[PDB]
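K.L.:
Quick one: this structure, given as structure tokens, is what I'll be asking you about.
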Amino acid sequence: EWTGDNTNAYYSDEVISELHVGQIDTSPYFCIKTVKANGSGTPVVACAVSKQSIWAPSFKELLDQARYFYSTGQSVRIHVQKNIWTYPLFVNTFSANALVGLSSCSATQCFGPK
Amino acid sequence: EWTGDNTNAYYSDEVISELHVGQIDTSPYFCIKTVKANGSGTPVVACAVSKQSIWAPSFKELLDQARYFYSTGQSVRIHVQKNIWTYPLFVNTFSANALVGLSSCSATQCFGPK
Amino acid sequence: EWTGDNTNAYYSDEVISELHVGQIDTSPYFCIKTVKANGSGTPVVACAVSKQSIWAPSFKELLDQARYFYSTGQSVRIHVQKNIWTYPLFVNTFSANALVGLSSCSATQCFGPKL
Amino acid sequence: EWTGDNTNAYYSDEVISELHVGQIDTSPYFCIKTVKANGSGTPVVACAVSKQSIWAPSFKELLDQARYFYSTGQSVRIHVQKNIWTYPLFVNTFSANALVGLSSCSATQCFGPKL
Amino acid sequence: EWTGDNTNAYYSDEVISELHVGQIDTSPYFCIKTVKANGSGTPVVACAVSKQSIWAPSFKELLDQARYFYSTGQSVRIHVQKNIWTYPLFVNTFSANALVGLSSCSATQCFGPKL
Ligand SMILES: CC(=O)N[C@H]1[C@H]([C@H](O)[C@H](O)CO)O[C@@](O[C@H]2[C@@H](O)[C@@H](CO)O[C@@H](O[C@H]3[C@H](O)[C@@H](O)[C@@H](O)O[C@@H]3CO)[C@@H]2O)(C(=O)O)C[C@@H]1O
Ligand SMILES: CC(=O)N[C@H]1[C@H]([C@H](O)[C@H](O)CO)O[C@@](O[C@@H]2[C@@H](O)[C@H](O)O[C@H](CO)[C@@H]2O)(C(=O)O)C[C@@H]1O
Ligand SMILES: CC(=O)N[C@H]1[C@H]([C@H](O)[C@H](O)CO)O[C@@](O)(C(=O)O)C[C@@H]1O
Ligand SMILES: CC(=O)N[C@H]1[C@H]([C@H](O)[C@H](O)CO)O[C@@](O)(C(=O)O)C[C@@H]1O
């Protein structure tokens, strides 16, 4: 598995606008909401869960990276895998999107798979 | 268990106004005090204790996130489970509330379970 | 044991003004000096030692918290247990105070135990 | 092995201009892009992958340091070993370079190994 | 052993002017260069090697503290043990000094041992 796999999805030129931390079923998790830097489109929501999904090993790295980009407000590309989380209330609160990567973006391009 | 379980309680549009770090019964712990962003109402006090309670796995994540939100002074939703800590002197000084989640808040909504 | 036990001591309206990190007898340790925000009184010195004393488990959390408060210069309450460290050259350089807690302070009170 | 082995490669007076974090084959990894402070030449790309390659042990330290230099935008020397990552899509997106060290630089020299 | 042992060496009123991180023999390491704040004298170079020497336990604490003081440019006392590292090219690039402590130095005397 890889962040950049074409079965994952990404959204470019987003700003991380919200951050949530919690626990579910013995596992720390976090979620972020992102919106286009230019005001267009719909918000993206994705979560990472420390002990769940193939993406579990990168939990701490993604959490720290999300916090950094959140604190700066800079434009980023968010990589997700759709339809992972399954607890209905959790999905309805956030989304079924697993967060699988974060890339910095300049004006015209982002540094990461596309 | 989940941060968002309806048997937990939460308080929106709060600011983390104080932070304390200590140790109890072999465990580092931290407690926070939060107040309404607008200055109304009654302060909320919650603690997290390393290697104690079902919420233990999230101790470091919550500590890190509390320190961040404390340093920014931004509006947040605090999520707690009541009646967890039983050490009487500790409860008298702080409270029996376990901290179980933290969510950033815009002016219109908080990013988390409700 | 608890930070807030009446057998510990505390000092309010202090500011962390120095920080030292080192190692002794295979254990990382750090020490801080605090002084009254208003310049009065006598400095307080306390150290935490990673593998020693009943307070060992909170070493990392207190080091990080000390670093934070040292960086902001904000007024805090420092909690110690007296007469813990015993190596004479160490005590004479620093003190025998074990660091057992740190609380943020407001104008009129601090957020932490007090008798 | 060592960061400063002559079989490694280094690039001086670079600025870390982009940062990516992701996961591959069970391992979190990060990559950085660096560009000459003077605007010349071609960007250098290097990645570190947790628990992969002989450089695995230094993953966290390099991530932390890359984040630091990325945030300041100061000029550094980036040290890499070429031809380490072999996953073709990953290499195409980023490069085969393993990140093996970072050195700060003054205007006249960098603090790290050099031929 | 202790940072403050009289068999160690220390240098007061220094600042951390450079920082390098890398790996050697499967161990993360970092080195710092310090110079007198006032510009007199000659630089001191010291390194900490994560898996190596009696000082190994303090590696993360020293690296974290080194980063902090490097970022602020504030005065410090650096404590070292001489003639520890032995890999020749490494020693020639950096030094044989192991970093064994860091003390803040705002006050009249630095906050740390000075035997
Ligand atoms: C390994 C070693 O010798 N360490 C000693 C150091 C070094 O010799 C010195 O740092 C290298 O230049 O010197 C130490 O003592 C110095 C210290 O007490 C400082 C004040 O913190 O004073 C220095 O003398 C200065 C003094 O500040 C003024 O009189 C100035 O005008 O000149 C003199 C000498 O130039 C001391 O050398 C140290 O702590 O750095 C003691 C170490 O053991
Ligand atoms: C070990 C001890 O007695 N600690 C006292 C502390 C010290 O006596 C004092 O800080 C020495 O400088 O004093 C404490 O109470 C303080 C009052 O004495 C002071 O007049 O006002 C302070 C306002 O916060 C404070 O209330 C303290 O520092 O909290 C009490 C403590 O036990
Ligand atoms: C235990 C409890 O009462 N929770 C409720 C709180 C509190 O009444 C006030 O927030 C007190 O600050 O009010 C809410 O509107 C909120 O803050 O989001 C809904 C929430 O369910
Ligand atoms: C692989 C390689 O040749 N690295 C060399 C680089 C590059 O040629 C240029 O940096 C490319 O832009 O140049 C140096 O002067 C430098 O940066 O310190 C010496 C270094 O050995």
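Identifiers in the structure tokens: chain A, B, ... in order shown; residue index from 1 per chain; ligand index from 1 in order shown.
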From a backbone DSSP assignment, name each residue in segment 2-33 of chain C labelled strand (DSSP E or B), as a ChimeraX atom specification.

P.N.:
/C:2,9-24,27-33

K.L.:
Looking only at alpha helix (DSSP H) from DSSP on the backbone, list the matching residues of segment 31-83 of chain E as a short mmCIF file (atom, residue, chain, number, x, y, z; two decimals) with N, CA, C and O atoms, in the first residue's frame.

P.N.:
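Contents of out.cif, freshly written:
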```cif
data_model
loop_
_atom_site.label_atom_id
_atom_site.label_comp_id
_atom_site.auth_asym_id
_atom_site.auth_seq_id
_atom_site.Cartn_x
_atom_site.Cartn_y
_atom_site.Cartn_z
N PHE E 59 20.44 11.29 25.28
CA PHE E 59 20.48 11.76 23.90
C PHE E 59 19.26 12.62 23.51
O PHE E 59 19.41 13.73 22.98
N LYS E 60 18.06 12.11 23.73
CA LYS E 60 16.89 12.87 23.29
C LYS E 60 16.75 14.19 24.06
O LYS E 60 16.44 15.23 23.49
N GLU E 61 16.97 14.15 25.37
CA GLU E 61 16.90 15.37 26.17
C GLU E 61 17.91 16.41 25.71
O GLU E 61 17.62 17.61 25.67
N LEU E 62 19.12 15.96 25.38
CA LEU E 62 20.17 16.88 24.96
C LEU E 62 19.89 17.45 23.58
O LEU E 62 20.12 18.65 23.32
N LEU E 63 19.41 16.60 22.68
CA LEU E 63 19.04 17.04 21.33
C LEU E 63 17.90 18.06 21.40
O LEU E 63 17.96 19.13 20.78
N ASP E 64 16.85 17.74 22.15
CA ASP E 64 15.75 18.69 22.33
C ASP E 64 16.25 20.03 22.89
O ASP E 64 15.85 21.10 22.43
N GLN E 65 17.11 19.96 23.90
CA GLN E 65 17.60 21.19 24.53
C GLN E 65 18.55 21.95 23.61
O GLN E 65 18.51 23.17 23.51
N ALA E 66 19.42 21.21 22.93
CA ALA E 66 20.29 21.83 21.94
C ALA E 66 19.47 22.58 20.87
O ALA E 66 19.81 23.70 20.51
N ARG E 67 18.41 21.96 20.37
CA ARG E 67 17.56 22.62 19.38
C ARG E 67 16.98 23.89 19.93
O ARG E 67 16.93 24.90 19.24
N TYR E 68 16.51 23.84 21.18
CA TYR E 68 15.89 25.01 21.78
C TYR E 68 16.87 26.18 21.88
O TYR E 68 16.59 27.29 21.44
N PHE E 69 18.03 25.91 22.46
CA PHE E 69 19.03 26.98 22.63
C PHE E 69 19.61 27.44 21.29
O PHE E 69 20.01 28.60 21.15
N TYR E 70 19.70 26.53 20.32
CA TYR E 70 20.12 26.88 18.97
C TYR E 70 19.11 27.87 18.38
O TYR E 70 19.49 28.87 17.75
N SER E 71 17.83 27.60 18.58
CA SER E 71 16.79 28.48 18.03
C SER E 71 16.77 29.85 18.68
O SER E 71 16.49 30.83 18.01
N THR E 72 17.04 29.94 19.98
CA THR E 72 16.93 31.24 20.65
C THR E 72 18.21 32.07 20.55
O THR E 72 18.18 33.29 20.65
#
```

K.L.:
Using only C-alpha atoms and all ligand atoms, find each protein or nucleic acid residue lying at most 12 Å from ligand 3; present the set as a count of residues only.

P.N.:
42

K.L.:
Could you superimpose chain E onto chain C using all C-alpha atoms, paired one by one in order, and tell me the resulting RMSD in Å?

P.N.:
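The superposed chains show a C-alpha RMSD of 0.6 Å.
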
K.L.:
Neighbouring residues of ligand 2 are defined here as those with any atom at most 8 Å from a ligand atom, counting only C-alpha atoms and all ligand atoms; list them as an NGL selection string.

P.N.:
:C and (9-13 or 36 or 40-42 or 77 or 108-110 or 114-115)

K.L.:
Please provide chain A as a compact mmCIF listing (two decimals) with C-alpha atoms, in the first residue's frame, once it has been superposed on chain B by least squares across all sequentially paired Cα atoms.

P.N.:
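The new file result_10.txt reads:
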```txt
# COMPACT_ATOMS: atom_id res chain seq x y z
CA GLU A 1 -15.83 3.44 23.89
CA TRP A 2 -15.76 6.71 21.94
CA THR A 3 -15.18 10.37 22.72
CA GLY A 4 -18.54 11.14 21.12
CA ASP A 5 -20.60 8.61 23.11
CA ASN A 6 -23.81 10.21 24.41
CA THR A 7 -22.78 9.15 27.95
CA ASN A 8 -19.97 11.66 27.72
CA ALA A 9 -20.59 15.39 28.08
CA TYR A 10 -19.23 18.34 26.15
CA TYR A 11 -18.94 22.11 26.48
CA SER A 12 -18.68 24.29 23.41
CA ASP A 13 -16.98 27.64 22.78
CA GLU A 14 -14.58 27.28 25.70
CA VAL A 15 -11.06 28.62 26.04
CA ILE A 16 -8.41 26.65 27.91
CA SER A 17 -7.43 29.14 30.60
CA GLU A 18 -5.19 27.08 32.91
CA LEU A 19 -2.89 24.07 32.67
CA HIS A 20 -1.35 21.81 35.33
CA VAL A 21 1.01 18.87 35.10
CA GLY A 22 1.82 16.40 37.86
CA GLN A 23 2.08 12.76 38.85
CA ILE A 24 -0.12 10.48 40.91
CA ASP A 25 0.36 6.81 41.84
CA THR A 26 3.24 6.27 39.36
CA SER A 27 1.26 8.01 36.61
CA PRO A 28 1.84 11.31 34.87
CA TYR A 29 -1.38 13.32 34.69
CA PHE A 30 -2.50 16.77 33.58
CA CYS A 31 -5.50 18.97 34.17
CA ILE A 32 -7.00 21.91 32.32
CA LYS A 33 -9.50 24.55 33.31
CA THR A 34 -11.72 26.03 30.62
CA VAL A 35 -14.12 28.96 30.53
CA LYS A 36 -16.64 30.20 27.98
CA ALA A 37 -15.03 32.48 25.41
CA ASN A 38 -17.94 34.89 25.93
CA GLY A 39 -17.53 35.14 29.71
CA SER A 40 -20.73 33.33 30.66
CA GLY A 41 -21.20 30.25 32.83
CA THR A 42 -18.94 28.32 35.19
CA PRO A 43 -15.41 27.01 34.58
CA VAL A 44 -14.96 23.41 33.42
CA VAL A 45 -12.11 21.35 34.91
CA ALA A 46 -10.95 18.01 33.53
CA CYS A 47 -7.89 15.82 33.90
CA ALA A 48 -6.27 12.95 32.04
CA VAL A 49 -4.23 10.29 33.84
CA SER A 50 -1.64 8.32 31.86
CA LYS A 51 -2.20 4.92 33.42
CA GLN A 52 -5.81 5.25 34.57
CA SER A 53 -9.32 4.87 33.15
CA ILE A 54 -10.39 3.58 29.77
CA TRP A 55 -9.04 6.82 28.31
CA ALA A 56 -5.42 6.10 29.25
CA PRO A 57 -4.24 5.36 25.68
CA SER A 58 -5.00 8.91 24.46
CA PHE A 59 -3.05 10.66 27.24
CA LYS A 60 -0.11 11.96 25.20
CA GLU A 61 -2.30 13.08 22.28
CA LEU A 62 -4.70 14.97 24.54
CA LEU A 63 -1.83 16.52 26.49
CA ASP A 64 -0.15 17.83 23.34
CA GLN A 65 -3.48 19.01 21.95
CA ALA A 66 -4.42 20.77 25.19
CA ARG A 67 -1.05 22.50 25.22
CA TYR A 68 -1.61 23.67 21.63
CA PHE A 69 -5.09 25.07 22.18
CA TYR A 70 -3.92 26.55 25.49
CA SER A 71 -1.08 28.35 23.73
CA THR A 72 -3.39 29.84 21.08
CA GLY A 73 -6.34 30.80 23.27
CA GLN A 74 -8.68 29.65 20.53
CA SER A 75 -12.28 28.55 21.08
CA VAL A 76 -12.72 24.77 21.50
CA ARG A 77 -15.25 22.14 22.53
CA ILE A 78 -14.13 20.07 25.50
CA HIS A 79 -15.41 16.51 25.82
CA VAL A 80 -15.45 14.84 29.24
CA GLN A 81 -16.72 11.80 31.08
CA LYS A 82 -18.01 12.70 34.53
CA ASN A 83 -17.28 10.94 37.83
CA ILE A 84 -14.12 9.04 36.88
CA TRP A 85 -11.32 10.14 39.25
CA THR A 86 -11.85 8.96 42.81
CA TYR A 87 -9.04 10.21 45.06
CA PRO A 88 -10.91 12.76 47.22
CA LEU A 89 -8.09 15.32 47.58
CA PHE A 90 -7.40 15.11 43.84
CA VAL A 91 -11.09 15.53 42.96
CA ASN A 92 -11.48 18.44 45.39
CA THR A 93 -8.42 20.15 43.92
CA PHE A 94 -9.48 19.57 40.33
CA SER A 95 -12.55 17.47 39.49
CA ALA A 96 -13.71 13.93 38.82
CA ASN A 97 -13.92 14.71 35.09
CA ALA A 98 -11.83 12.67 32.68
CA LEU A 99 -10.79 14.59 29.57
CA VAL A 100 -11.77 12.49 26.57
CA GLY A 101 -11.55 14.85 23.59
CA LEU A 102 -10.83 18.33 22.24
CA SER A 103 -12.38 19.91 19.13
CA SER A 104 -11.62 23.24 17.43
CA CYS A 105 -14.55 25.67 17.06
CA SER A 106 -15.41 28.40 14.60
CA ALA A 107 -17.97 31.10 15.37
CA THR A 108 -21.10 29.01 14.83
CA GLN A 109 -20.03 25.40 15.23
CA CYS A 110 -17.35 23.04 16.47
CA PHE A 111 -15.62 20.19 14.67
CA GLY A 112 -16.50 17.12 16.71
CA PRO A 113 -19.38 15.03 18.05
CA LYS A 114 -22.40 16.75 19.58
```

K.L.:
Could you list, as a ChimeraX atom specification, every residue within 12 Å of residue 6 of chain D, counting only C-alpha atoms and ignoring same-chain residues fewer than 6 positions away?

P.N.:
/D:79-82,113-115 /E:89-90

K.L.:
Output N, CA, C and O atoms for every residue in the selection just made, as an mmCIF file, in the first residue's frame.

P.N.:
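The result, stored in result-v1.cif:
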```cif
data_model
loop_
_atom_site.group_PDB
_atom_site.id
_atom_site.type_symbol
_atom_site.label_atom_id
_atom_site.label_comp_id
_atom_site.auth_asym_id
_atom_site.auth_seq_id
_atom_site.Cartn_x
_atom_site.Cartn_y
_atom_site.Cartn_z
ATOM 1 N N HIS D 79 22.359 15.832 2.987
ATOM 2 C CA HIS D 79 23.189 14.669 2.688
ATOM 3 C C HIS D 79 22.271 13.524 2.312
ATOM 4 O O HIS D 79 21.279 13.292 2.994
ATOM 5 N N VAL D 80 22.594 12.813 1.230
ATOM 6 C CA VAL D 80 21.752 11.699 0.800
ATOM 7 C C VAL D 80 22.604 10.505 0.426
ATOM 8 O O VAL D 80 23.803 10.641 0.192
ATOM 9 N N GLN D 81 21.989 9.330 0.375
ATOM 10 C CA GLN D 81 22.596 8.208 -0.343
ATOM 11 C C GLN D 81 21.717 7.918 -1.550
ATOM 12 O O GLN D 81 20.522 7.700 -1.400
ATOM 13 N N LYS D 82 22.299 7.916 -2.744
ATOM 14 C CA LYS D 82 21.508 7.694 -3.953
ATOM 15 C C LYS D 82 21.065 6.239 -4.121
ATOM 16 O O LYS D 82 21.664 5.327 -3.553
ATOM 17 N N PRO D 113 29.988 16.943 7.294
ATOM 18 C CA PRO D 113 31.016 16.330 6.463
ATOM 19 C C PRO D 113 30.990 16.895 5.061
ATOM 20 O O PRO D 113 29.952 17.341 4.567
ATOM 21 N N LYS D 114 32.164 16.859 4.447
ATOM 22 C CA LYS D 114 32.450 17.473 3.175
ATOM 23 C C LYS D 114 33.625 16.680 2.631
ATOM 24 O O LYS D 114 34.424 16.156 3.405
ATOM 25 N N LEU D 115 33.737 16.580 1.310
ATOM 26 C CA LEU D 115 34.778 15.761 0.690
ATOM 27 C C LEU D 115 36.150 15.956 1.337
ATOM 28 O O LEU D 115 36.697 17.059 1.346
ATOM 29 N N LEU E 89 37.458 9.750 10.708
ATOM 30 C CA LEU E 89 36.873 10.761 9.833
ATOM 31 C C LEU E 89 35.819 11.604 10.559
ATOM 32 O O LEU E 89 35.749 12.821 10.371
ATOM 33 N N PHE E 90 35.006 10.944 11.385
ATOM 34 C CA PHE E 90 33.972 11.601 12.194
ATOM 35 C C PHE E 90 34.607 12.598 13.160
ATOM 36 O O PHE E 90 34.180 13.753 13.260
#
```

K.L.:
For chain D against chain A, which residues fall within 12 Å using only C-alpha atoms, given as an MDAnalysis selection string?

P.N.:
chainID D and resid 16:34 43 45:47 49:51 59:60 63:64 66:68 70:71 87:95

K.L.:
List the neighbours of residue 84 of chain E out to 7 Å using only C-alpha atoms; skip same-chain residues closer than 3 positions along the sequence, and give me the result as a list in words.

P.N.:
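Selected residues are residues 81, 96, 97 and 98 of chain E.
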
K.L.:
For chain D, report every residue with an atom at most 8 Å from chain E (counting only C-alpha atoms), formatted as a PyMOL selection string.

P.N.:
chain D and resi 1-4+54-55+57-58+61-62+65+100-105+111-113

K.L.:
Any chance you can output those residues with N, CA, C and O atoms as a compact mmCIF listing (two decimals), in the first residue's frame?

P.N.:
```
# COMPACT_ATOMS: atom_id res chain seq x y z
N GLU D 1 28.62 2.36 8.32
CA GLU D 1 28.08 3.42 7.48
C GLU D 1 28.08 4.73 8.25
O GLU D 1 28.08 4.75 9.49
N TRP D 2 28.08 5.83 7.51
CA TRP D 2 28.04 7.16 8.13
C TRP D 2 27.52 8.18 7.14
O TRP D 2 27.83 8.12 5.95
N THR D 3 26.72 9.11 7.65
CA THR D 3 26.29 10.27 6.88
C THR D 3 27.41 10.82 6.00
O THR D 3 27.20 11.11 4.82
N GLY D 4 28.61 10.93 6.56
CA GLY D 4 29.72 11.56 5.85
C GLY D 4 30.57 10.69 4.95
O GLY D 4 31.57 11.17 4.41
N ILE D 54 19.24 0.98 5.70
CA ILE D 54 20.16 1.03 6.82
C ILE D 54 19.96 2.31 7.64
O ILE D 54 20.37 2.39 8.80
N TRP D 55 19.33 3.32 7.03
CA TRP D 55 19.12 4.61 7.69
C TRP D 55 17.87 4.67 8.58
O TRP D 55 17.57 5.71 9.17
N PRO D 57 17.12 3.75 11.60
CA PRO D 57 17.23 4.21 12.98
C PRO D 57 17.09 5.73 13.14
O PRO D 57 16.61 6.20 14.16
N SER D 58 17.49 6.50 12.14
CA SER D 58 17.49 7.95 12.28
C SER D 58 16.22 8.63 11.73
O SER D 58 16.16 9.85 11.60
N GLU D 61 14.56 11.39 14.06
CA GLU D 61 15.47 12.52 14.23
C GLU D 61 15.54 13.38 12.96
O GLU D 61 15.54 14.60 13.03
N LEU D 62 15.59 12.72 11.81
CA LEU D 62 15.63 13.44 10.53
C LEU D 62 14.30 14.13 10.22
O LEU D 62 14.28 15.26 9.72
N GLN D 65 14.18 17.22 12.34
CA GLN D 65 15.15 18.23 11.90
C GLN D 65 14.73 18.84 10.58
O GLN D 65 14.87 20.05 10.38
N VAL D 100 20.08 11.26 4.64
CA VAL D 100 20.97 10.65 5.64
C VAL D 100 21.61 11.66 6.58
O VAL D 100 22.29 11.29 7.54
N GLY D 101 21.40 12.95 6.30
CA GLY D 101 21.83 13.98 7.24
C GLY D 101 21.41 15.37 6.83
O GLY D 101 21.06 15.62 5.66
N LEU D 102 21.43 16.29 7.80
CA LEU D 102 21.17 17.70 7.55
C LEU D 102 22.14 18.51 8.39
O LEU D 102 22.27 18.27 9.59
N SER D 103 22.79 19.49 7.76
CA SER D 103 23.73 20.35 8.46
C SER D 103 23.33 21.80 8.28
O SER D 103 23.01 22.20 7.16
N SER D 104 23.37 22.59 9.35
CA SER D 104 23.21 24.03 9.19
C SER D 104 24.45 24.63 8.53
O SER D 104 25.52 24.01 8.52
N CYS D 105 24.31 25.83 7.98
CA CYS D 105 25.37 26.47 7.23
C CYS D 105 25.48 27.94 7.62
O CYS D 105 24.47 28.60 7.86
N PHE D 111 28.17 23.07 8.54
CA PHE D 111 28.64 22.31 9.69
C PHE D 111 28.33 20.83 9.51
O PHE D 111 27.35 20.31 10.04
N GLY D 112 29.19 20.15 8.76
CA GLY D 112 28.95 18.75 8.49
C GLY D 112 30.00 18.25 7.53
O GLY D 112 30.82 19.02 7.02
N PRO D 113 29.99 16.94 7.29
CA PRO D 113 31.02 16.33 6.46
C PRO D 113 30.99 16.90 5.06
O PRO D 113 29.95 17.34 4.57
```
